[PDB]
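In structure tokens, the next block holds one chain alone, the form deposited in one PDB entry.
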């Protein structure tokens, strides 16, 4: 779990909580209340609290005096399992948070009538939510749908959850220190009624899926902040996505990664055909077009990048970065020819639009003329140094052009997409592209689910979509596209 993350605490509350409810080796993570975008790792040692800053400007979580990571879970996992790397500070005992805010099933101040509508309309068998009790302030209510699939056969069931002396119960039996512990217990051990109805908690109720028509209303709802609630609930689910990255950790592949600990998952990684099969890259299939999310090239991986492009039959490359070296120049100068190991790349022509440069590249394998094909490299140049674009028109027009290019090429491979780490901008672009392609094919009358789409992408490469600003920007981009339609 990710219960070590406390989203609503101050730094004083963090200290007092570690000093009273913790011991030496206890830790918690928390958002920087002063500077939103940043986080803090507060750890206890020798009867005292030490606070370590973690910045995320959009590319990666940068631990101050430490390594760079794709998620906070992957960060915590690394230092719990690699002793003496954090300087010496040991992470031993995660101080768990009681606050239900960032759980999928928690709906806050939601009325009883409006909870019943949602379960009738959107819910199915085992769909549940927890809400603050209208009657008794302090108490909560667990509303569960049961039965089949107007119809008759299904039904809603409410269950009062009493708060007595800082612990929670359903009117009998065990008393839990948090609503999470309560809900997770009755997931495992369903309540059965007197006439044999099993009150199963199969899935939380989906309220993030919208019809694309009502995007403007939902953005208006999320602005009055509701964007934070939706985003930090998504962040809490990253503990489900700690899949193995063993191949990126091998000694043979250590210097092939730009960021040592931002690694590709084994089950989705691009395998190239002593240890010559590795590249820090992942196939992203939506759940029809696909993508490869990868890092910006190092000097020592340019040959591998071109082998990947060739192997995968990729015809479109989206580069999304223009005072640091985020990428090494892996393409020849205009009109020039280069050999990158066994691969050969001519730059036929460059074309400047306002937001981007297009480079027409002819890729072939050395010794084989018949292997040639055109790769169209779209270099996006107007992404700001700090934050996200204030208007999404540029990204949308860019992606529209990129899409029409890919669609013009018969049996083209996945669209290669990269930035610095291959997770922030790369993830924000790919997700915008997934959501826009839904609307493009099936029109304004179709359902879309922003955080679900991100989670599905996050399960294929670590930490795809990095910040709340990028999360907000995806919404704003999808909104702008529907308005300009």
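Positions refer to the first chain, counted from 1.
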| query | finding |
| --- | --- |
| Where residue 287 meets residue 288 in the shown sequence, the number of deposited residues left unmodelled | 10 or more |
| Residues of the deposited sequence left unbuilt between residue 412 and residue 411 | none |
| Between 361 to 369 and 134 to 142 (mean CA B-factor, as deposited), the higher | 134 to 142 |
| Given 47 to 55 and 418 to 426, the range whose Cα B-factors average higher in the PDB entry | 47 to 55 |
| Deposited CA B-factor, highest of 209, 260, 245, 82 | 82 |
| Options 449, 62, 433, 38 - largest CA temperature factor per the record | 38 |
| Cα B factor band for residue 458 (lowest, middle or highest third within the chain) | lowest |
| Cα B factor band for residue 331 (lowest, middle or highest third within the chain) | lowest |
| Relative C-alpha B-factor of residue 395, binned into the chain's lowest, middle or highest third | lowest |
| Residue 112 by Cα B-factor - lowest, middle or highest third of the modelled chain | highest |
| Chain-wide C-alpha B factor ranking for residue 323, given as lowest, middle or highest third | highest |
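The protein also exists as the form deposited in another entry; that form is not presented, and the subsequent description refers to it.
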{"query": "Common rigid part between the shown form and the other one for residue 114 and residue 188", "finding": "yes"}
{"query": "Cα separation of residue 479 and residue 108 in the other form versus here, shift of 3 Å or more", "finding": "farther"}
{"query": "Pair residue 219/residue 111, Cα separation in the other form versus the displayed form, closer or farther by 3 angstroms or more", "finding": "farther"}
